[PDB]
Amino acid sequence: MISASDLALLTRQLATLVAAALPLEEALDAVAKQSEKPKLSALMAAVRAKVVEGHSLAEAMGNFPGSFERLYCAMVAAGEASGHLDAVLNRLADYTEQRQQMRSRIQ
């Protein structure tokens, strides 16, 4: 069960690195290394294990539906299917940053 601010941080970082043409495995590594929360490092490294293991990012992410909801994984799947993963992650970073904002407006 992931905090909306923590998902928004991971997704912005990942979108930035993937857009900068880091290989996916390296991008997931950089997001795991840069995390302040051990639980977030582990999560990103676990997703990376699956991608290195041969799974797509969506399938990898799909292993953690408490972190990565169905809509988010299907968005990733489609970007991978089209060769536009970087566009889809940039879109998801905006989306996730809106949910973080809604959660701070109340609490």
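Residue numbers run from 1 along the displayed sequence.
Of the two segments examined, 87-95 and 9-17, it is 87-95 that shows the higher average Cα temperature factor in the deposited entry. Annotation for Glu26: C-alpha temperature factor in the lowest third relative to the rest of the modelled chain, per the entry. Among the modelled residues of its chain, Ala81 has a C-alpha B-factor that falls in the highest third, as given in the PDB entry. Placement of the Cα temperature factor of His55 within the chain: highest third of the modelled residues, per the deposited record. Per-chain ranking of the deposited C-alpha B factor places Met75 in the lowest third. Sorting the modelled residues of the chain by their CA temperature factor places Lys33 in the middle third.
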